[PDB]
């Protein structure tokens, strides 16, 4: 499933920074009960940067085992070297994931033609649906609508997570792709706007702690009930902003701990513990959302 509220799920850790199976179970149960459409496993919010390929595959496989067929799982699979992306994708072929979320190469700043060759090569070598991921503020490069148009002609490139926050991208892309290509926001604060312009859903950080409200917001949006959706969005807006008051996923992991969804808020370096001022901002946002 590639529409609606999709959670960019945390990778909960114990105090030593190893994956906490019990906490992950609790989250997956929460998303199944709360109507989340799908789970993105080991994306950005899942600390893809700091897990190696083996830990990464283990978390995706644990997620699939715990989901037990009840919710679809999408794996984070991007890399900044095309061979590495291909490699990582092969590990998931026939795993039971429904698709991959693959970020533009970071740090090396490829050209548009380089992005086109990168994602074309990845798609060629799997039968899994690929969702492109554009987030220039993190990567240093910006996959432009013209190149998305080119890539959308590849049979298994099926959509994009557009995290620029630049809402003009929705209809720039839409006009260049077919009606079945999925447009997903990657920017929780602008996501409702993104859906109102023609987007199909959101791959969300806020959904980690407000799963039911996110799922209902996205359904109302899909039905065209934007005024109703916006009431929900206004209650969630402080979270949409304050989950980034310190680097993601520092705030959202602390929030999940505060709600009791995970045992510890531990992260791996270079992520560091939430500051006291951040705890206060985040808990105020949680209370605005009605969650505490």
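Numbering follows the first chain given and starts at 1.
Stretch comparison (210 to 218 versus 83 to 91) by mean CA B-factor in the PDB entry places 83 to 91 on top. Mean CA B-factor, 98 to 106 versus 176 to 184: the higher value falls on 176 to 184. Across 39, 236, 250, 263, the greatest Cα temperature factor reported in the deposited entry is at 263. Between the residues 28, 232, 227, 243, it is 227 that shows the highest Cα B-factor in the PDB record.
Among the modelled residues of its chain, residue 137 has a C-alpha B-factor that falls in the middle third, as given in the PDB entry.
Sort the chain's modelled residues by C-alpha temperature factor and residue 202 lands in the lowest third, per the entry.
Annotation for residue 146: CA B-factor lies in the middle third of the chain's modelled residues.
In the PDB entry, residue 71 places in the middle third of its chain by CA B-factor. When the modelled residues of the chain are ordered by their C-alpha B factor, residue 271 lands in the middle third.
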